[PDB]
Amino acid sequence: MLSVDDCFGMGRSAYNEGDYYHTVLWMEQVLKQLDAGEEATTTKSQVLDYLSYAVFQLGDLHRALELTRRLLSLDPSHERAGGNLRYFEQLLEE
């Protein structure tokens, strides 16, 4: 298997090609390996930024809201994430 940072780079590669499904596959793997305590340069908050947008593109509304909340929890001055959270709470009334 690949390293956490290799998987992250695979996910960013897919995102930059506009391939949101494969972004989700790679970034879910990154989060899994980070929860296994594997060493890595990438932070959880950076992974959640790509993942939350990618799952929204795929149509997964409450999951995108959940992940955006998690992103803001770990990076409170992230203004774009705060803007995303306001969008999803207004859209989903939650």
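In this text, residue numbers run from 1 along the sequence as written. Rigid core here is just the name for the largest C-alpha set that superposes within 1.5 Å across the two forms.
- Once the structures in 5 other deposited structures of this protein are superposed via the core, the pair 48-56 and 30-38 is resolved in favour of 30-38 as the more displaced stretch (C-alpha RMS).
- In a rigid core superposition of the other structures in 5 other deposited structures of this protein, 72-80 and 19-27 differ in how far their CA atoms stray, and the farther one is 72-80.
- Look at the C-alpha B-factors of 30-38 and of 52-60. On average they run higher in 30-38.
- On average the C-alpha atoms of 13-21 have higher B-factors than those of the other stretch, with 13-21 and 66-74 being the two compared.
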